[PDB]
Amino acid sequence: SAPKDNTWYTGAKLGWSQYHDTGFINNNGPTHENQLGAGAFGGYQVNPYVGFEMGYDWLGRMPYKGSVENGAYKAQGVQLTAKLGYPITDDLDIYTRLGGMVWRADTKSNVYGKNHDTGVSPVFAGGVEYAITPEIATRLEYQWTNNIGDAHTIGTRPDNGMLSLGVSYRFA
């Protein structure tokens, strides 16, 4: 079940972060798109089906290995989303989150040097949340963040998909 009406909660998450459409430089070595992601989130529940949550996300640093051209990409941001869900069971809920993330992206490379930019990306997430106790809930979700960057400012604009496990505490 969802947090009580008009109550607050806080939480944190760890996840498998994977960047997509990572075109950047012509590195001859490996590009490790898979990284450990991390985030913290807080939320307010309006009714059993609707809540609002805010959080910080660390999406991981992607290396572009190579003997000639090489570099790295990094991204993080703050997000705000509406959480919409309904129960599968009395303790297990299914949900989606929709909103946006304000991100800062940095790239490093010998080719282009150090670059960074800020912008806005939409966030689409879906998952399930299980109430272990009235205060503790665990969640499994997949979060998609679209077009994190800009080809003209940092040379790349990858997408990010993050499969994460999370825990939250409810203060109702």
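Note that residue numbering begins at 1 and tracks the sequence as displayed.
Set 63 to 71 against 137 to 145 and average the Cα temperature factors; 63 to 71 ends up higher. When 26 to 34 is weighed against 123 to 131, 26 to 34 comes out higher, by mean CA B-factor as recorded in the entry.
In this structure the maximum Cα B-factor among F52, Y49, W103, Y56 is found at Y49. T156 sits in the lowest third of its chain by CA B factor, as recorded in the PDB entry. The PDB entry assigns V167 a C-alpha temperature factor belonging to the middle third of its chain's modelled residues. Ranked within its chain, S109 lands in the middle third, by CA B factor from the PDB record.
Among the modelled residues of its chain, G85 has a C-alpha B-factor that falls in the highest third, as given in the PDB entry.
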